[PDB]
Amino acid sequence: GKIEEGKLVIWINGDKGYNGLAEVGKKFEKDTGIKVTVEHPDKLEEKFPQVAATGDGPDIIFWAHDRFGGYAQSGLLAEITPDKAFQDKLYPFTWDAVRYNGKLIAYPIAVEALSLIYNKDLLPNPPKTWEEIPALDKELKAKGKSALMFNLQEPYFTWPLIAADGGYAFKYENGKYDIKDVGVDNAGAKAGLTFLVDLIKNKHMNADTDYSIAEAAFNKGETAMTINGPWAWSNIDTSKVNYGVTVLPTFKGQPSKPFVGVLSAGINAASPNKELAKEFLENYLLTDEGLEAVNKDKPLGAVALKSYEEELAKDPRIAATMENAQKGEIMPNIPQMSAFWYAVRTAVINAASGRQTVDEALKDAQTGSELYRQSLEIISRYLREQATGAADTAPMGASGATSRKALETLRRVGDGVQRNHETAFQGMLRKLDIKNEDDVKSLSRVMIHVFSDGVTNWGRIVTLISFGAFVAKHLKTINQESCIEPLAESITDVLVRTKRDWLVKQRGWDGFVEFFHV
């Protein structure tokens, strides 16, 4: 339950240079007498938010930057406040990757992008296009080899192809994300994923291939190509395969667009060792010697530290990494990234296995990715118009008909629940004694308990939201209207976290509208 004072516990993924990181920890111990323990738990990016929410977990968590906005939003990360001298030692765009609501919430370490890795003794020149891979596989099959194996279990590896002809996560224009505008089930995404599925149908790839299977095949000289990041180069070096690292193939004449990650280190908000952690990260790890120790274990990519990157940049494999990165897109760090990845992971796995068609898989992924924002739209608008008596005139935006009709439905059914359950609602409002924002943020734990116990149905979702409206009316009448949007956010988080899979199975809010159709 409590993080131990006077030591450092660090989590890093098991594909990274954790032995090199431990060597940095031993240098830290030699100076300070403070022991550093490096661990690489399975699913650490899922475990961290669970354990840290209880005040437990590591002092320092390493992951790509995309998960950190979610952690920061949940209050799990300490704000990072390096001095100018330190900040100037790292590239500005790396600090940008770890900025969330105006605050730095991790230290950037290195820039990662996937590349095409190829065996020059099988394939002296890499394919420039995805479309030529089937014919190459046919040539290679006659030699008792295959063209390509890569991890089909993690959507990170398949995204570059999905993105190539126009798939996107959240639209980015005019220096801004439009979180309502999700690009998972458009014609471009379908074209990419169909190409992948056709590779599998035509026995060029196997839907069961995972990281270890692809890595072993490439490193044993059994397959001519793989798709992987810099961390994989150590094991390829050890294997003695004559390998190149190059630009990903094009699809429909367009570059493959990898999602670019910045390996980052956050400090747990519950750590009593924040000063020790800052010292470790700034004055041991983010040094030429610290990064070299990690990079010698498993390569980092293009490091954030300018002095060391100037050495590393002369490596053609790093040049290739950066070429692919420039053709791709820096991942968002918005809290909705976790859901996007979960939705797309399932879509790829189901399309690849034949459990769903591409169209079915991508429709579900779209709905899953849109769920938080659409739910918040509906719930916020209902609570606010209930509180004030006046509706919001702003356009609903994307999937607007569904939002509008869900709101219209919820007006009917939710107004009814408020009337019929006035007595329970008034009683409970009095018991909970909500006076301010602090009281609203305290509701989540109890709300999750109540709502997640028992059966799942649309009626209970209506009760959740309708009591929210009942509370919002109270908040407005005591001059606490500023608490309504935090309330709506809390209710939305409870709903979507606890009922994600059920919601997607209903066609989200279209299910709700149909369920209560008069």
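In this text, residue numbers run from 1 along the sequence as written. Only the largest set of C-alpha atoms that superpose within 1.5 Å between the two forms is called the rigid core.
When the other structures are laid on the shown form by the rigid core, the stretch among 439-447 and 261-269 with the greater C-alpha deviation in 8 other deposited structures of this protein turns out to be 439-447. Stretch 423-431 is the one, of 423-431 and 319-327, whose CA positions lie farther from the shown form in 8 other deposited structures of this protein once all structures are superposed by the rigid core. Compared against other deposited entries of this protein, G175 counts as often unmodelled, lacking coordinates in at least a third of those that resolve the residues around it. Here 189-197 and 443-451 are compared by their mean Cα B-factor, and 443-451 comes out higher. The question of which stretch, 376-384 or 92-100, has the higher mean Cα B factor is settled in favour of 92-100. Across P108, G414, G261, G397, the greatest Cα temperature factor reported in the deposited entry is at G397. Of the candidates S146, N206, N273, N151, the PDB record gives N273 the highest C-alpha temperature factor. For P160, the recorded CA temperature factor ranks within the lowest third of the chain's modelled residues. The entry lists a Cα temperature factor for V51 that places it in the highest third of the chain's modelled residues. Looking at the C-alpha B-factors along this chain, the one for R404 belongs to the middle third. Annotation for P41: CA B-factor lies in the middle third of the chain's modelled residues. When the modelled residues of the chain are ordered by their C-alpha B factor, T246 lands in the lowest third.
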